[PDB]
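Naming convention: chains lettered A, B, ... in sequence-line order (proteins, then strands); numbering from 1 in each chain.
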Amino acid sequence: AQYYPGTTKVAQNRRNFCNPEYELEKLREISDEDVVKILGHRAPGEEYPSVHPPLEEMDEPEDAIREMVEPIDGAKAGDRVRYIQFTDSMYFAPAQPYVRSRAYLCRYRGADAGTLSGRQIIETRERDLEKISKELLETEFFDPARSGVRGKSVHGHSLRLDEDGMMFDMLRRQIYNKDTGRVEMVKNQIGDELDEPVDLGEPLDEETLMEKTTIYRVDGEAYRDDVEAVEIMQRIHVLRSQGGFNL
Amino acid sequence: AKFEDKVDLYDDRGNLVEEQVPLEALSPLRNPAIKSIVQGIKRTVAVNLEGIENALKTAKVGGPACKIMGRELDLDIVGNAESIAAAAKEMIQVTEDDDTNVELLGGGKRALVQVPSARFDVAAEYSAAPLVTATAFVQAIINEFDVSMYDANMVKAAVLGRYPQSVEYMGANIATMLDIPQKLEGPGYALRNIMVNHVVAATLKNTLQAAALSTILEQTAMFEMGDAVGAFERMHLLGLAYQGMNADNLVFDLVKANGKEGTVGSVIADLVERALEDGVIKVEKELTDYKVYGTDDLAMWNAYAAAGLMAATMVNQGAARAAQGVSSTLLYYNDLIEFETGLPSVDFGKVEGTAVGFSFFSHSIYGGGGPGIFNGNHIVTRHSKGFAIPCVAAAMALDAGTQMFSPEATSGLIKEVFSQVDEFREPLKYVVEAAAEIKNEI
Amino acid sequence: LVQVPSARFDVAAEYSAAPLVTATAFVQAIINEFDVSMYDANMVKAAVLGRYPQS
Amino acid sequence: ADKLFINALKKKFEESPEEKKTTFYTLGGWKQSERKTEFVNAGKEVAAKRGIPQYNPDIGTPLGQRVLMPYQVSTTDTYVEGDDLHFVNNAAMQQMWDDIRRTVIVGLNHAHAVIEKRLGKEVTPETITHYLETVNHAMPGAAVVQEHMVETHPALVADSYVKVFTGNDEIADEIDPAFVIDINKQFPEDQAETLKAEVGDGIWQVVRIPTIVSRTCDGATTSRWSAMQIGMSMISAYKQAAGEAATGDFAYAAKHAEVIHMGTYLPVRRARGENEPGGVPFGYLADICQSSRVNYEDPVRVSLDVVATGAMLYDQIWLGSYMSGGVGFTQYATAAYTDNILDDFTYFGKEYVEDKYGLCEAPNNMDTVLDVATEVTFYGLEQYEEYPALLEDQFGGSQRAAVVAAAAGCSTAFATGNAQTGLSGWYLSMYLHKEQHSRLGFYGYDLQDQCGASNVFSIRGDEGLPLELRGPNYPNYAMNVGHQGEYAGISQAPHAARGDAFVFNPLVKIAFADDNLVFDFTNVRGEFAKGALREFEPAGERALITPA
Amino acid sequence: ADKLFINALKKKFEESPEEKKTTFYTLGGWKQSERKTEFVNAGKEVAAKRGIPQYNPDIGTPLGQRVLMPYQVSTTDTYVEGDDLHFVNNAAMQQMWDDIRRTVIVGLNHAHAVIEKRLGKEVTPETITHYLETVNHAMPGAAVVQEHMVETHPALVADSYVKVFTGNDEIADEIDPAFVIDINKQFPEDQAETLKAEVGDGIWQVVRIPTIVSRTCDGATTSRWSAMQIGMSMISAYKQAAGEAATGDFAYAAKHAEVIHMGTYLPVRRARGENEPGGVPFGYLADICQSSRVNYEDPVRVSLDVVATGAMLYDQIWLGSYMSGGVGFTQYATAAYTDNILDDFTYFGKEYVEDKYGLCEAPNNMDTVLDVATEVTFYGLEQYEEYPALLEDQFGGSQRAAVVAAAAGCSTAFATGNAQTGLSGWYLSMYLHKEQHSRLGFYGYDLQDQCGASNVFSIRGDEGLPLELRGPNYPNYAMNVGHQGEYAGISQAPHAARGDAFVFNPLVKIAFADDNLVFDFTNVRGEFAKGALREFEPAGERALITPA
Ligand code: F43
Ligand code: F43
Ligand SMILES: C[C@@H](OP(=O)(O)O)[C@H](NC(=O)CCCCCCS)C(=O)O
Ligand SMILES: O=S(=O)(O)CCS
Ligand SMILES: O=S(=O)(O)CCS
Ligand SMILES: [Cl-]
Ligand SMILES: [Mg+2]
Ligand SMILES: [Mg+2]
Ligand SMILES: [Mg+2]
Ligand code: NA
Ligand code: NA
Ligand code: NA
Ligand code: NA
Ligand code: NA
Ligand code: NA
Ligand SMILES: [Zn+2]
């Protein structure tokens with residue numbers, strides 16, 4: 001698959017996030033229990049709640065589509081659908097909203113992704129969410145200064161940074177420690193205090209953010225100078241315009 | 001003979017039924033099984049005799065939490081259902097040998113009614129079904145128990161609700177798949193104002209049949225709306241064929257290839273390859289490490305893309321067994337395919353647009369609700385001309401119980417009655433057989 | 001005088017196919033007759049069916 | 001001893017009410033009236049200020065060749081000129097409609113199951129109380145989640161709030177009582193037991209949006225505004241993601257699945273959305289009126305407080321403005337709530353029925369209709385004949401038709417305990433009146449009354465409906481003055497005689513049993529009188545955001 | 001030399017607008033704000049008076065962890081907190097909608113033919129003047145024919161009147177000038193000439209009903225109320241029987257055959273009658289705005305005054321209350337009329353077009369769309385990238401998408417002289433923006449925008465419409481913020497550049513050129529500022545009939 005047109009680093013980064021054969025760089029190590037804590041859907045060692053009985057206990061219509069489509073594990077068990085939501089700074093976070101949804105539906109099964117300017121969300125079966133969330137939090141989808149895990153009060157994608165280079169958070173869920181140069185998660189994604197904070201590592205430096213970012217900007221690589229990318233967007237406009245009139 | 005296209009038709013098990021069928025043998029305008037489905041939906045009514053009896057006995061009539069103290073009437077309706085239904089049939093039929101059907105269900109608790117075709121032949125629209133049925137059962141109940149002149153109005157209120165004070169049959173104990181003509185978002189929309197849950201209920205959650213019923217209803221509405229006239233006709237017919245009728249086994253074969261481990265993205269890659277393989281698209285231009293595709297048949301590209309879209313829903317929502325993500329799949333299938341190819345997405349952006357608002361209005365505070373309450377007449381999902389809703393029906397069919405407003409909650413009376421009708425329940429079978437049968441008349 | 005074929009009403013719920021099929025056939029025939037451009041054809045639509053769908 | 005209207009007639013006229021002759025033409029036209037004088041003076045100031053002629057007593061014909069009468073607001077000792085009962089000039093009447101228009105009833109029963117079954121969280125009286133504190137900040141138009149939100153001024157929206165009710169006394173007791181409509185305090189004991197049985201363990205919100213917004217916008221705004229702020233408050237109080245799939249189930253429940261509008265939407269020729277007067281059924285209007293819970297030993301008073309509520313809303317605001325306008329229909333309505341005239345006729349009929357049958361003890365059939373409706377019709381018409389002052393007071397035939405028929409219909413329903421036979425009695429009254437005086441109402445008055453008898457007991461599609469379900473959109477009733485409010489009264493009549501706690505909807509009955517409303521629904525005619533005297537203080541005013 | 005939004009950014013923040021870092025969290029939360037501090041104290045007062053908790057700053061999340069900014073109303077020197085621009089807190093905004101809602105345009109051409117042909121009487125300037133004196137007595141709610149009528153207080157309905165206009169200057173000169181909208185006084189010479197040529201010898205009424213009635217009732221009341229008092233005034237001034245068969249011809253003329261509503265009625269899911277915001281087509285909204293007749297040498301200013309008009313009406317009051325409610329949509333709309341930001345981007349594109357093509361001289365095709373819309377889009381998004389204060393000001397992506405595309409679409413129409421290619425430019429701007437920042441608006445923002453390109457030039461049933469005829473009920477536009485007001489602006493754009501007197505209806509354009517209106521439509525952004533400062537005096541208040 002070719003994913004996206006363009007000759008900038010941005011365009012290559014966009015294609016890499018989508019391509020499931022591209023190995024995301026791992027930047028940090030997070031325990032399974034700290035993933036569960038950050039999500040906040042259940043307490044570590046709490047059984048998964050269910051919304052319906054396991055699939056093997058139900059009597060399903062004879063349906064060749066059901067037969068051909070293998071259910072994710074949480075679907076088989078009847079887990080809740082739950083979510084994780086990120087906000088990405090326009091000051092060169094590595095992932096960005098449409099890049100996430102495009103990449104999620106290329107890499108992950110059974111995904112409901114939503115894209116907004118200040119928040120991007122994925123909803124899926126709880127046990128499967130916990131596995132995806134590990135990769136979203138440990139790899140270069142995430143920087144602990146320029147990205148944020150926020151289930152509410154998302155303001156900050158478009159705001160100036162604070163003196164540490166951290167994105168605004170009304171609820172201050174991610175705290176920069178001047179002593180280590182590292183960020184800790186002090187609250188879960190909906191803003192409730194964690195018993196013990198989670199180490200999210202050090203913010204990427206300026207030059208690494210520039211190399212990895214998927215936003216176009218005049219002080220990085222401008223979209224207007226990615227002339228092949230612009231040309232395809234203009235082409236789609238024109239062909240949609242003509243098809244709606246006639247074929 | 002207007003169009004040269006031919007398609008191979010399959011069943012919902014992926015087996016070939018009939019090869020080389022002219023495309024127009026699937027037109028709503030020509031195919032007798034689509035005519036019979038539409039005429040059927042117009043004339044079929046579900047009657048809740050148990051509900052009528054309970055409404056009368058408690059004096060709870062005329063809408064939610066309404067009651068009239070002192071008006072209670074205790075009538076053994078379900079106990080005398082045979083007599084009442086036979087008396088009602090006498091009034092509903094035009095002659096003794098016509099196509100009137102009245103059938104008792106659930107030990108007399110329910111009745112399937114199909115009002116005779118002759119009444120619709122001299123009717124402007126379809127409201128004779130509920131109104132003729134309601135008055136025949138009101139009169140049959142009054143006649144059965146000799147209900148007095150002074151009390152009979154309570155029987156009317158238990159059957160048809162607060163109408164005419166309300167515009168709708170508010171609190172009625174009858175139900176139809178169609179809704180009143182006043183609620184059309186535009187002229188020509190009636191066959192779109194059928195809840196996705198009702199479609200899934202009638203087809204018993206068989207995914208391909210639900211997709212088929214939904215697509216037949218949507219694309220037939222596109223003829224009534226005039227959208228499938230002249231320049232656009234062929235686009236709509238190829239959409240019906242490839243997206244809703246599993247033409248050439250394209251939907252079925254993409255699901256087979258992506259069902260075990262695939263994602264939206266993998267279906268896309270298979271579809272583009274297949275469109276390439278079949279000559280639908282070809283490389284028009286090379287940019288830097290990027291091929292721009294072109295097509296000399298936009299309508300056929302659209303149809304192939306549409307078939308890919310259905311299969312990506314079945315793969316994505318099927319893998320979750322949870323319908324909510326269909327809004328996402330309708331969006332990013334189309335978003336991704338445009339940047340994959342340089343060609344316009346399904347319905348030239350209109351699926352994608354529908355999917356944007358549908359996502360909003362199914363994950364926010366401002367309206368809509370779950371996927372099953374939407375339909376082609378809903379303000380959120382009317383915008384695509386037949387290429388979005390059939391995916392929703394397929395996603396709700398595959399839901400394993402994640403919804404509060406599920407078909408069981410919204411559509412239980414529709415399911416019990418309308419699933420009895422063979423052509424409603426398994427439309428893909430009947431439509432393919434008819435098209436084979438008229439195949440040399442085109 | 002236009003009489004839309006009965007077979008369109010046989011698979012329709014109601015009667016609006018008459019105005020809608022007639023309107024679009026004349027809109028497209030007028031556009032095709034004079035080769036009205038993509039940019040101006042929306043005027044032929046407004047002249048035939050008016051303010052619909054805003055009204 | 002005196003008929004009840006004798007005091008009013010004596011205040012209006014120098015003659016005793018029995019006298020047949022009087023003096024005209026020498027009262028000074030408009031100059032006899034304090035109110036017309038105020039208006040001429042104001043017209044001159046208005047015209048000078050804006051540069052366009054306006055109110056001028058010399059245009060058209062010269063008012064006040066006869067006595068311009070004061071009206072007694074029935075059950076009070078307030079007398080006012082009729083202009084003071086025009087809805088435009090009477091803030092109590094405007095606020096009565098705003099209080100209905102801005103109200104919606106919204107269950108918490110489905111919402112609480114979304115919380116427990118989809119989200120997997122618990123619901124308790126504590127969580128409910130937290131939610132109610134949250135929604136009582138949010139509902140007036142203030143923020144709970146986002147940063148940099150701008151908000152409504154709390155003082156402009158002080159009348160907006162959310163309360164709950166439930167038939168489960170133990171749950172009701174746990175919720176903070178600031179937010180609870182207490183059924184056991186507001187209703188006499190037998191009524192309370194009925195209502196609590198109807199509601200059972202359901203928990204229902206009564207939502208009122210701000211009057212200022214209802215006046216800027218429309219009735220169809222109310223359920224939307226309510227749903228937005230319920231949705232925000234559910235997100236906040238129960239910790240959803242702020243916008244996930246399950247949020248949509250709260251939206252659908254609050255806008256559609258457990259919502260009770262005050263009115264349903266109308267057809268295109270009279271296109272209106274929800275919560276407009278024409279969609280309010282007669283049985284809801286009877287239940288909005290709260291006379292039932294305070295005056296429950298006097299079924300006449302209860303019924304005629306309902307008549308007053310409906311005559312004002314349906315004839316003055318609805319038919320007289322929304323469906324027409326201009327000077328409009330003040331006195332077509334005031335006939336039913338002034339001078340104690342309806343009260344005298346209806347107390348007669350109540351006493352007739354009581355003495356002959358016992359209330360609710362007549363057979364429910366045509367023999368009772370013929371008996372009671374005829375006897376009360378002849379009684380009312382005979383008062384007009386014996387008191388020329390009474391006939392000069394209710395000068396329009398339409399006014400007399402509605403008053404006599406309302407008494408006849410209400411009395412017939414007091415006998416049978418059934419509204420439908422009450423309605424038959426109304427129509428028969430009209431027919432007898434027409435033959436007796438060789439006139440009835442205005443040119444188009446008895447469209448519904450000639451269709452009337454045949455449609456009382458019909459069962460056909462747009463004809464048949466129990467009276468409690470009918471309203472202003474019942475086809476025969478959709479156009480004309482001098483019927484709808486009296487029909488609401490006849491709907492109330494049998495239920496008042498029976499001692500029923502509600503006529504058609506127990507949720508609606510409890511929802512207006514709320515002392516935080518601006519209008520006092522327990523004493524409608526008392527409130528009309530206070531507004532006439534310029535003593536009622538409405539919500540919605542913009543004084544705080546305008547110059548001094 | 002500075003960009004136009006630079007002063008505003010310097011007012012809001014201590015940093016220079018180009019600085020990328022700032023300080024959060026130590027501003028005192030809501031205590032930094034005068035307005036939030038007023039609201040906190042008001043919430044305490046309210047809750048203590050009524051016995052129910054209300055506004056409380058500690059519910060939910062704590063506002064004001066960042067700077068709560070002042071906003072410059074564009075084209076003014078007035079800076080206010082956003083709360084002062086919420087329609088609930090701004091009487092200018094409420095009155096702007098009341099002045100539209102309460103207006104109907106009613107011909108006199110059929111009526112004058114009834115008089116001459118059916119009654120056989122003469123019509124002259126003098127009879128018309130007599131008729132207008134009569135209807136200016138009656139329209140506010142006062143009587144002309146019957147005895148014992150009760151009437152509206154003239155001071156409560158001082159804002160109700162009737163004026164006329166005509167294209168025949170010699171006829172207009174013979175009607176009393178108190179009643180005449182003088183086209184040659186109100187419009188520049190070339191515009192006057194165009195408008196008079198459209199009207200010709202027709203004579204048309206502009207009828208305004210009382211704001212107090214409009215707020216009590218709804219938009220669909222206006223044409224009814226109008227017809228009632230037109231009818232009474234025709235009876236009085238032309239000596240009909242008061243109620244004969246020919247009377248009905250006047251009624252049908254005034255309600256149906258020569259009536260111009262401000263908005264058409266809406267379908268059932270958003271059921272509303274006439275003269276509600278959703279029925280007002282974008283071309284009429286551009287013509288209601290009176291910037292065109294005063295700012296006719298500056299096509300950017302005309303177009304952006306239309307944007308302000310429509311963003312407030314369509315997003316704050318219509319989508320943000322009638323169709324939703326709560327805190328609502330103030331800053332989704334303020335983004336298009338504050339801080340001179342849209343102005344900076346649109347003047348940029350106007351200058352670009354003027355320098356490259358000449359206004360109205362580019363070819364009307366996709367090549368121009370691709371050129372102008374791309375260039376302006378890239379200009380506007382660069383400003384957000386160059387000025388971190390700008391991006392923090394217009395913090396929501398939807399706001400940015402609406403602003404940038406409005407500039408791009410107006411600029412494209414400036415070049416072609418045709419709205420339809422302007423609209424194509426709007427959608428292309430969204431597509432470029434989405435790819436550039438990998439984000440666009442809120443979850444449901446680009447439903448219309450992804451359908452957009454294909455439906456610009458479609459001719460299908462519910463797809464194809466010139467932009468001037470589209471409005472809030474065009475199917476793809478029926479739901480979402482951040483578009484409708486901008487589309488009204490793009491409809492104005494090509495006409496402003498051409499110097500046309502009107503966009504879609506010349507009667508509507510003349511109807512709002514009336515100095516007796518309460519709101520000043522020649523300076524919409526000025527009026528919004530006045531209301532924000534609590535200096536606007538609206539009509540419709542009840543102070544005269546309530547206690548001091
Ligand atoms: C022009 C009409 C026909 C029409 O469709 N409506 C009229 C006029 C209208 C105007 C009169 C206001 C004004 O004087 O300028 C208003 C106020 C409606 C409006 N436009 O505001 C009205 N009628 Ni009328 N109309 C009334 C009435 C009636 C009675 C009055 C009978 C008499 O003996 O005085 C008669 C009908 C009948 O004979 O039964 C009637 C007629 C009429 N009604 C005759 C004119 C009669 C005349 O020339 O004197 N009204 C009434 O019966 C009571 C209420 C009263 C209404 C005002 C209010 O309710 O306070 C008023 C209701
Ligand atoms: C719960 C929702 C989902 C829902 O359907 N609507 C919400 C909330 C709602 C509430 C918020 C009121 C409150 O705080 O209690 C209101 C005011 C509507 C109402 N009920 O009055 C609103 N949104 Ni929202 N909403 C807005 C916006 C936005 C932007 C904010 C992004 C940012 O970085 O701050 C995002 C969407 C986006 O990412 O593109 C957003 C989301 C959201 N929007 C998320 C909550 C986000 C979060 O948790 O912080 N709005 C806007 O971008 C600007 C205008 C602003 C609206 C208020 C106004 O116009 O003045 C408000 C419009
Ligand atoms: C979709 C529809 O909601 P329902 O699905 O019908 O509940 C519609 N609301 C909306 O369109 C709300 C529009 C404005 C608020 C959303 C902000 S973009 C309605 O109330 O008629
Ligand atoms: O004279 S009419 O009966 O037409 C009007 C009644 S107000
Ligand atoms: O978060 S959402 O895009 O659903 C709401 C925009 S206010
Ligand atoms: Cl084709
Ligand atoms: Mg590990
Ligand atoms: Mg004496
Ligand atoms: Mg005597
Ligand atoms: Na006296
Ligand atoms: Na006079
Ligand atoms: Na009408
Ligand atoms: Na003031
Ligand atoms: Na500064
Ligand atoms: Na707060
Ligand atoms: Zn209003």
Side-chain angles (χ1 to χ4, degrees), chain D residues 1-28 32-36 63-86 300-301 304-305 307-308 311-312 330-351 376-398 400-408 410-411 433 436-437 439 441 482 486 525-526 528-529 532-533, chain E residues 146-150:
Chain D
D2 287 343
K3 306 308 192 192
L4 307 185
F5 49 73
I6 291 299
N7 286 342
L9 294 179
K10 294 190 295 179
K11 236 283 173 305
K12 290 171 188 263
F13 294 129
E14 3 150 313
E15 305 85 357
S16 222
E18 303 90 354
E19 311 192 32
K20 307 169 124 191
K21 280 186 157 177
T22 193
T23 300
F24 299 122
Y25 319 116
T26 53
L27 323 192
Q32 71 183 278
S33 170
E34 165 189 70
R35 182 72 54 249
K36 304 298 181 180
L63 291 175
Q65 303 314 311
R66 56 161 294 175
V67 166
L68 302 168
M69 301 179 286
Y71 291 102
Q72 175 189 37
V73 177
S74 293
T75 71
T76 78
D77 295 299
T78 295
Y79 285 83
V80 290
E81 296 191 72
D83 312 77
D84 300 355
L85 300 171
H86 196 294
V300 177
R301 178 45 191 274
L304 298 189
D305 280 343
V307 178
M312 191 292 285
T330 303
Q331 290 159 126
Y332 279 132
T334 60
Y337 58 86
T338 56
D339 294 342
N340 295 343
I341 294 158
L342 181 54
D343 313 61
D344 185 275
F345 297 177
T346 304
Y347 280 110
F348 165 85
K350 188 266 182 170
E351 292 160 14
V376 178
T377 297
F378 285 159
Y379 180 82
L381 290 173
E382 198 180 325
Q383 309 315 302
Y384 294 117
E385 298 176 354
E386 302 268 24
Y387 296 101
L390 188 65
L391 180 56
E392 178 161 317
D393 176 20
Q394 312 202 322
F395 58 85
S398 294
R400 302 188 295 278
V403 171
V404 175
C410 291
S411 302
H433 181 161
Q436 177 157 330
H437 288 162
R439 57 178 40 73
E486 294 79 16
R525 291 179 280 173
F528 294 171
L533 296 173
Chain E
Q146 300 189 219
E147 178 64 286
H148 211 280
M149 295 293 90
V150 299

Peer 1: What are the two closest non-hydrogen atoms of E:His148 and D:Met69, and how far apart are they?
Peer 2: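 Result for this residue pair: NE2-N, 3.0 Å.
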
Peer 1: For D:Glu385 and D:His437, what are the C-alpha separation, side-chain angles and deciding distance, and is it a side-chain contact (heavy atoms from CB on, under 4.5 Å)?
Peer 2: CA-CA 10 Å; D:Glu385 298 176 354; D:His437 288 162; 2.7 Å; yes

Peer 1: So does D:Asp2 have more than 12 non-hydrogen atoms from other groups sitting under 6.0 Å from CG?
Peer 2: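 Result for CG/D:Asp2: enclosed.
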
Peer 1: Quick one: pull up CZ in D:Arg301 and CG in D:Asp305 and give me the separation to the nearest 0.5 Å.
Peer 2: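 Answer for the CZ-CG pair, D:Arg301 versus D:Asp305, is 4.5 Å.
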
Peer 1: Is the backbone of D:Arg35 close enough, under 3.5 Å, to the side chain of D:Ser33 for a donor and an acceptor to pair up by distance?
Peer 2: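 Yes; judged by distance alone, with no hydrogens or angles, the pair exists.
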
Peer 1: Does a side-chain heavy-atom distance below 4.5 Å link D:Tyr337 with D:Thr75?
Peer 2: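 D:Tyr337 vs D:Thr75: side chains apart.
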
Peer 1: For D:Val403, is there any backbone N or O sitting under 3.5 Å from a side-chain donor or acceptor partner on D:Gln394?
Peer 2: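 Side chain of D:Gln394 to backbone of D:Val403, a donor-acceptor pair under 3.5 Å: no, none is there.
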
Peer 1: For D:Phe24, does the CZ atom have more than 12 heavy-atom neighbours from other residues, nucleotides or ligands under 6.0 Å away?
Peer 2: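 More than 12 heavy atoms, drawn from other residues, nucleotides or ligands, come within 6.0 Å of this atom.
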
Peer 1: Find the distance between CZ (D:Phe348) and NZ (D:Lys3) and round it off to the nearest 0.5 Å.
Peer 2: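 Going from the CZ atom of D:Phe348 to the NZ atom of D:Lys3 covers 8.0 Å.
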
Peer 1: Measure the OG1-CG distance between D:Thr334 and D:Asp84 for me, rounded to the nearest 0.5 Å.
Peer 2: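 Interatomic distance, D:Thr334 OG1 to D:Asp84 CG, rounded to 0.5 Å: 12.0 Å.
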
Peer 1: I'd like to know whether D:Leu381 forms a side-chain contact (heavy atoms from CB on, under 4.5 Å) with D:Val404, so could you lay out the CA-CA distance, the side-chain angles of the two residues, the decisive distance to 0.1 Å, and finally the verdict.
Peer 2: CA-CA 7 Å; D:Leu381 290 173; D:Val404 175; 4.2 Å; yes

Peer 1: For the CG atom of D:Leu390 and the CZ atom of D:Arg400, what is their distance to the nearest 0.5 Å?
Peer 2: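 Taking CG in D:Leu390 and CZ in D:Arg400, the distance rounds to 9.5 Å.
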
Peer 1: Measuring from atom CZ of D:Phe13 to atom CG of D:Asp393, what distance do you get when rounded to the nearest 0.5 angstrom?
Peer 2: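 Nearest 0.5 Å value for the CZ-CG distance: 6.0 Å.
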
Peer 1: For the residue pair D:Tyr387 and D:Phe5, does the interplanar ring angle fall in the parallel (under 30°), tilted (30 to 60°) or perpendicular (over 60°) class?
Peer 2: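 Rings of D:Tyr387 and D:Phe5: perpendicular, as their planes differ by over 60°.
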
Peer 1: Using a 3.5 Å distance criterion without hydrogens, assess whether the side chain of D:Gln32 forms a donor-acceptor pair with backbone atoms of D:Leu27.
Peer 2: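 No.
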
Peer 1: Looking at every non-hydrogen atom in both residues, tell me the closest pair between D:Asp83 and E:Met149 and how far apart they are.
Peer 2: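 Here D:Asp83 and E:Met149 meet closest at OD2-O, 4.4 Å.
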
Peer 1: Can you tell me how far the SG atom of D:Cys410 sits from the CG atom of D:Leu304, to the nearest 0.5 Å?
Peer 2: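 Result: 6.0 Å between the selected atoms.
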
Peer 1: Is there a donor in the side chain of D:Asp344 and an acceptor in the side chain of D:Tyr379, or the other way round, less than 3.5 Å apart?
Peer 2: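 Yes, side-chain donor-acceptor contact under 3.5 Å.
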
Peer 1: Main chain of D:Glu392, side chain of D:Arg66: is a donor-acceptor contact present, judged purely on distance under 3.5 Å?
Peer 2: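 Yes.
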
Peer 1: Compare every heavy atom of D:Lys12 with every heavy atom of D:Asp339, then report the nearest pair and how far apart it is.
Peer 2: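 Result for this residue pair: OD2-NZ, 2.8 Å.
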
Peer 1: Around atom CD of D:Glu34, are there more than 12 heavy atoms of other residues, nucleotides or ligands at under 6.0 Å?
Peer 2: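 No, not enclosed.
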
Peer 1: May I have the step-by-step check of side-chain contact (heavy atoms from CB on, under 4.5 Å) for D:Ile341 and D:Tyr384, ending in yes or no?
Peer 2: CA-CA 10 Å; D:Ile341 294 158; D:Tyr384 294 117; 4.3 Å; yes

Peer 1: Could you tell me whether a side-chain N or O of E:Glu147 sits under 3.5 Å from a main-chain N or O of D:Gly64, the two making a donor and an acceptor?
Peer 2: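 Checking the backbone N and O of D:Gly64 against the side chain of E:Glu147, a donor-acceptor pair under 3.5 Å is found.
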
Peer 1: What are the two closest non-hydrogen atoms of D:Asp343 and D:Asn340, and how far apart are they?
Peer 2: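 Closest approach of D:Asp343 to D:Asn340, heavy atoms only: OD1-CA, 3.4 Å.
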
Peer 1: For the residue pair D:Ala407 and D:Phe345, what are the closest heavy atoms and their distance?
Peer 2: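 Here D:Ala407 and D:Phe345 meet closest at CB-CB, 3.6 Å.
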
Peer 1: With a 3.5 Å distance limit and no angle check, can you tell me whether D:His433 reaches the backbone of D:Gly397 through a side-chain donor-acceptor pair?
Peer 2: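 Flag not set: sc D:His433 to bb D:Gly397 has no pair under 3.5 Å.
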
Peer 1: What are the two closest heavy atoms between D:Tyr332 and D:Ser398, and how far apart are they?
Peer 2: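 Smallest interatomic distance, heavy atoms only, reads CE2-CB, 3.5 Å.
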
Peer 1: Does any N or O in the side chain of D:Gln72 come within less than 3.5 Å of the main-chain N or O of D:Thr76, such that one atom is a donor and the other an acceptor?
Peer 2: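 At least one qualifying donor-acceptor pair exists.
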
Peer 1: Going through the checks in order, is the side-chain contact (heavy atoms from CB on, under 4.5 Å) test met by D:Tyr79 and D:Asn7?
Peer 2: CA-CA 11 Å; D:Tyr79 285 83; D:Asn7 286 342; 4.1 Å; yes

